[PDB]
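**Student:** Can you keep this structure in mind? I'll have questions shortly.
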4 protein chains.
Amino acid sequence: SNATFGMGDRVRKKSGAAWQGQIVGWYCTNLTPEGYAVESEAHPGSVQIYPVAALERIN
Amino acid sequence: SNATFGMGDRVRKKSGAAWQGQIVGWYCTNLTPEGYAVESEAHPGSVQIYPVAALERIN
Amino acid sequence: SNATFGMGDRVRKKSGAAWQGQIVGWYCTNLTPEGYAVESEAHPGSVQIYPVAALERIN
Amino acid sequence: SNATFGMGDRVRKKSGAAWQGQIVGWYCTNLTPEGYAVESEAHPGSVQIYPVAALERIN
């Protein structure tokens, strides 16, 4: 839809705790109306979820 | 698609650590080809992710 | 030590995503020099970790 | 005590989702009577918690 990222985009956390890897899903709550699941590129199979504002796309 | 759950289904963990609330998203990795994000009904705003085999739908 | 909480204290998240239950552990990193593990009182066996500034003790 | 790992040990997940880095804390619940917090060596500041049986020490 108006989604910021798509499946397979490479993203990282902008600040604080680090995370980097591919978009592998999405979620939506009232607190986080646009959220993404990101599989680490360093730790295959490990997925963490974050609000869109915490993430930025990289090449 | 062939998805087991849809947005808004009420689910719980079958076993081990407990979790219960609404489906709020999805994710797919090689290790977890069908996964869901679940917002707790007890702890609004807190979301955890699980493979489909760990979850069951409730009324 | 100078720890803010002890094992068994009942705590909750102050803001944002909710969580409530007993202190069940601790952790320390450069980003989070004083952190706690909290077992949900609603979802037995489910544990989440947070920095001390995110938590407050309740009766 | 009878703890398997100490602060600063380098550990990894044995199987499934990967994780690797230093022990930075501990937790204890009925479901997980001996658990550890592990800071990723790849993603500084990101910590995940696991039961002792899921982890093994490495050099």
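Read the figures in this text as sums done on the coordinates, not as results from a lab. Cβ: placed from backbone, ideal geometry, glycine included. Neighbour counts: every protein chain shown.
**Student:** Hey, which of the strands (runs of 3 or more DSSP E) in chain C, taking only ones fully inside, have at least 1 residues that are within 27 Å of A:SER15 (Cα to Cα) and free of Cβ contacts under 8 Å to residues at least 40 places away in the same chain? Let's see the steps before the verdict.
**Tutor:** Working: elements: C:10-13, C:20-27, C:35-40, C:47-51, C:55-57.
By residue number, C:20-27, C:35-40, C:47-51.
**Student:** Just to be sure, is C:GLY35 of a type in the set (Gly, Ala, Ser) and farther than 21 Å from A:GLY16 by Cβ?
**Tutor:** So C:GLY35 fails the test.
**Student:** Could I ask something else about it? Hey, could you check region B:30-48 for residues that are within 13 Å of chain A (Cβ to nearest Cβ) and surrounded by fewer than 21 Cβ atoms within 10 Å (Cβ to Cβ) and say which is nearest to the chain's Cα centre (by Cα)?
**Tutor:** So the residue we want is B:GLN48.
**Student:** So, in region B:7-29, exactly how many residues are under 19 Å from A:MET7 (Cβ atoms), more than 7 Å from every other protein chain (Cβ to nearest Cβ) and over 8 Å from the mean Cα position of the chain (by Cα)?
**Tutor:** So the answer is 1.
**Student:** Of all residues in region C:31-52, which are among the hydrophobic types (A, V, I, L, M, F, W, C) and farther than 17 Å from D:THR29 by Cα?
**Tutor:** Selection gives C:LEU31, C:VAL52.
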